[PDB]
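Read the single chain below, which is given as structure tokens and is the form deposited in one PDB entry.
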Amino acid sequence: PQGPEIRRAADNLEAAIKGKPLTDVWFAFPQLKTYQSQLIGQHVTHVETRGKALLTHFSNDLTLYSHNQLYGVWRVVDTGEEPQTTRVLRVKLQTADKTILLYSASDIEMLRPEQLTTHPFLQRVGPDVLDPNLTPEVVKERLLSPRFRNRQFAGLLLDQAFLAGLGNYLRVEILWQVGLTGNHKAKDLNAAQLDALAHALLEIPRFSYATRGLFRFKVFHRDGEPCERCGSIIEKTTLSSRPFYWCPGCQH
């Protein structure tokens, strides 16, 4: 899962317990046990995202950080209820009625103010595609800036240092959107393809966020399926040490 799916969950989280006094806190990691009693009686002032990184802030200026990587997922149940699964619960934040549960995730750390600009991941990430103030123009400048100008999209479109919230499926989809493969570079592009790439880089991820579960897959998990644009045979290969879906007669 990526930014789109991470913001949708964050919101579900805010919709369930934000502003609500926590009647209980629980963590799997012993190291975090110390913040439990500490958090009881406090409340989430706001849950923030910055890519696939999840920051759940508290009234006492503490912030719960977490990355779902590829297995962590958030649940939202009614207090006292715990649907079953083999997943390993990692965090419990409960209030009178609503409760949220985090399973699987392994990157769960508690930050005080300072680490919010010091954490290993937080320090690294670039603008958020879901971030409003982030405009195509800015994103367009960044593509041409000297820090990314000479980098292939196959790898760049995955690098959080460039843009937070983009993952693989968004990787294949965005490039298919503008008819490109992962072997190009911002510098090897005309003004019409950069501006295109630019928007797709923000619009698509958003469209996914706003509509995924309208948004549908156009090349992800579609090997053997017919390209909807030209109709060529979409092949599955490996790009960036991960699966890459694309159209042979649609991407150059």
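All residue numbers are counted from 1 along the displayed sequence.
Unmodelled residues of the deposited sequence between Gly213 and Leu214: 10 or more.
According to the PDB record, 82-90 carries the higher mean C-alpha B-factor of the two stretches 108-116 and 82-90. The stretch with the higher mean CA B factor, choosing between 238-246 and 5-13, is 238-246. Of the candidates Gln177, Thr135, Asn168, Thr99, the PDB record gives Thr135 the highest C-alpha temperature factor. The maximum CA B-factor among the listed residues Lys52, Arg206, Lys33, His57, taken from the PDB record, is found at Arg206.
Residue-level temperature factors show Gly126 in the lowest third of its chain, judged at the C-alpha atom. In the PDB entry, a CA B factor belonging to the middle third of its chain's modelled residues is recorded for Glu48. Sorting the modelled residues of the chain by their CA temperature factor places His184 in the lowest third. Split the chain's modelled residues into thirds by C-alpha temperature factor. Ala154 is in the highest one. Among the modelled residues of the chain, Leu70 sits in the middle third by CA temperature factor in this PDB entry.
Another form, the form deposited in another entry, is not on view; read the next lines as being about it.
Of the listed residues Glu109, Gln123, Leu189, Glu225, only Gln123 lies at a hinge between rigid parts moving between the shown form and the other one; the rest are more than 12 positions from any hinge.
Between this form and the other one, the CA-CA gap for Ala9 and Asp131 narrows by 3 Å or more, being smaller in that other deposited form. Three angstroms is the minimum change: in that other deposited form, the CA atoms of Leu170 and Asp107 sit farther apart than in this structure, by 3 Å or more.
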